[PDB]
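The form deposited in one PDB entry is given below as one chain in structure tokens.
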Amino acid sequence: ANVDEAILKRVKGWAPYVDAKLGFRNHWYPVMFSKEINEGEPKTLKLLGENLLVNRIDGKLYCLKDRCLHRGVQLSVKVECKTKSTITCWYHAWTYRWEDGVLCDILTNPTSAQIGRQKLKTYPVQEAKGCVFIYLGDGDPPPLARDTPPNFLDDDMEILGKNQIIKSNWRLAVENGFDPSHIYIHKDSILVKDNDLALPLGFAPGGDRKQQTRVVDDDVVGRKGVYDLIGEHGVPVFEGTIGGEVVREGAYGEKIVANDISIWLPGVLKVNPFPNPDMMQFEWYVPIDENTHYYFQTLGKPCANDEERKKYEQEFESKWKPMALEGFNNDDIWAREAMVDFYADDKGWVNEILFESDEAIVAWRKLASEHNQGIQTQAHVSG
């Protein structure tokens, strides 16, 4: 639907994924943090190419499509919430219910036959771990848990994060994240030196192709992901060589991190432990449009008591956010951006030359092609 049929034919083994330029419909996605949206103060945003309005009403979140049924203007241009339960289009005063999208009133024509007989599209919203998730799909939504990595929703897991808009397609973000050899870019990181991480330059793989990854299609709440097991049989590269001469060494720190690395639909990486042995990193690459994503970073630490919680809050702000979420991950941002040109025309998917450590990436592409819950197209974006 999205990509020239010529290219799609050439990537048969994961063509649904190459097509999913705008992301995967019928999944939950994080778009902002709970505390960024107050009572009665609506926010606009674009998710999988659709402009959305989110409002907090009696503590509860609601999401309407930010496009009037009449002449297709964004309501956010001028928000007129004249009652608690409604929003009034600034243009001809079509008035919709936040709860169900129902065109309940037209102030400029009380007697109109459209009234009660049209519905602005709505999307479920759920708040969890101080994160706002929207189900960008059709019908009654599945549990949040299906579209979140293992442990994100654990009772004791405290979640702190950061969100920004990055100018690359979401998939370039995903693949960079789940790429075992890309850790080469992080070799001069501030986190690596100052927090004494053990970090190889990469891995010389071992075993058959089936031992590189473990596909998880078999989760009890219905998660779909791929674990990267290149470390299992692989030999870490700590002395990098050219013509058999050593020209670069990995970092020989004492702290062991990134034991498990996994990628889950709809596109969320989990690295454990990271950036410290007492934490995990959960990060989403959410489609905004074909060129843009929210980089939705979260750090998780199990906490029992408030003093634990408040201590973590403080470590997050003084160490982890600036030294890890920025320090470390800023290189991931540049790397994503640097792939834009080669994949901009959709030709990159066929002219790329992969090598052994990309097995993980390929397993993700296959996984994503088979278990996605729909492909967002221009038809979803338009009408």
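Think of the rigid core as the biggest set of C-alphas that the two forms share within 1.5 Å after superposition. Shifts are known only where both forms have a C-alpha. Start at 1 and count along the sequence shown; that's the residue number.
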Inset, instruction - Decide which of the stretches 285-293 and 192-200 has the higher mean C-alpha B-factor, going by the entry. - result: 192-200
Legend entry - Given 303-311 and 76-84, the range whose Cα B-factors average higher in the PDB entry: 303-311
Inset, instruction - Tell me which of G206, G137, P180, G267 tops the list for C-alpha B factor in the record. - result: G206
Legend entry - Most elevated Cα B-factor in the entry, residues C89, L172, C131, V216: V216
Inset, instruction - Classify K255 as lowest, middle or highest third according to the C-alpha B-factor given in the PDB entry, relative to its own chain. - result: highest
Inset, instruction - Place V271 in the lowest, middle or highest third of its chain's C-alpha B-factors, as listed in the PDB entry. - result: lowest
Inset, instruction - Ordered by C-alpha B-factor within the chain, which third holds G348? Give me lowest, middle or highest, please. - result: middle
Legend entry - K319 - Cα temperature factor, lowest/middle/highest third of chain: highest
Inset, instruction - For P124, return the chain-relative third of its C-alpha B-factor as stated in the PDB record: lowest, middle or highest. - result: lowest
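There is also a form deposited in another entry; it is not shown, and the following applies to it.
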Inset, instruction - State which of the options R309, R209, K119, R248 undergoes a Cα shift of 2 Å or more between the shown form and the other one, taking the core as fixed. - result: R209
Inset, instruction - Take the rigid core as the frame of reference and indicate whether the C-alpha of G161 shifts by 2 Å or more between the shown form and the other one. - result: no
Legend entry - After fitting the core, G137 CA displacement of 2 Å or more between the shown form and the other one: no
Inset, instruction - Using a superposition on the rigid core, decide whether the Cα position of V235 changes by 2 angstroms or more between the shown form and the other one. - result: yes
Legend entry - in the other entry, shift in Cα separation for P277 relative to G206, 3 Å or more: closer
Inset, instruction - Only counting residues present in both forms, give the runs of 3 or more in a row whose C-alpha shift is 2 Å or more between the shown form and the other one, core aligned. - result: 206-212, 229-235
